[PDB]
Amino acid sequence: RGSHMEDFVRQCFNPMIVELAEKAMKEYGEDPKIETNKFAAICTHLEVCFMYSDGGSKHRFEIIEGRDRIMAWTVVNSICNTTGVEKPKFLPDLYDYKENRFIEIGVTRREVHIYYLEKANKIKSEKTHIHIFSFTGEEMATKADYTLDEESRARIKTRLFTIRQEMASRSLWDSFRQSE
């Protein structure tokens, strides 16, 4: 199954980001060859998480996304057990040592409010931080604390819009938006 979407996502994203997305989808029983929109979304979320951890100081974050399930949970346990913070029900994306909390990164093709409320209804023990970026260039964070510098968030927003543009130039953006 040779799709324009798959070749585009391989030309658009870092080879390592691509490999991590592939491993994560296959672990979840999904096929990147034939479920290509989801492959692109997973790559995008990955790159945003990495970009985000690159903001701030150097020892600041611990990266949870992009690991295998078992080691990601091992790090989450080490975090909770050394810092005393409650253990979250679901695997988050990062941990901020500077503010001592987990961070849940979201990336949506819809309005950021709906995505935020969705991600908030499934974490009832609401001690973790939610930060949502949209494809159109806005964002929303818990208690209005956007964690990072303005320049770092701006780099992320520019990147998401460049992805969206380049997708739309190949007429793949419509199928991507109308797929979430």
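Counting begins at 1, following the sequence as shown.
J.: Look up the CA B-factors in the entry and say which stretch, 29-37 or 48-56, has the higher mean.
T.: Comparing 48-56 with 29-37, the higher average CA B-factor belongs to 29-37.
J.: Look up the CA B-factors in the entry and say which stretch, 117-125 or 143-151, has the higher mean.
T.: Higher mean C-alpha B-factor: 117-125.
J.: Sorting the chain's CA B-factors, does residue 107 end up in the lowest, middle or highest third?
T.: It belongs to the lowest third of the chain when residues are ordered by C-alpha B-factor.
J.: Please place residue 173 in the lowest, middle or highest third of its chain by C-alpha B factor as given in the entry.
T.: Residue 173: CA B-factor falls in the middle third of its chain.
J.: Going by what the PDB entry lists, where does residue 93 fall on CA B-factor within its chain: lowest, middle or highest third?
T.: It belongs to the lowest third of the chain when residues are ordered by C-alpha B-factor.
J.: Taking the C-alpha B-factors as the PDB entry records them, is residue 7 in the lowest, middle or highest third of its chain?
T.: According to the entry, residue 7 has a C-alpha B-factor in the chain's lowest third.
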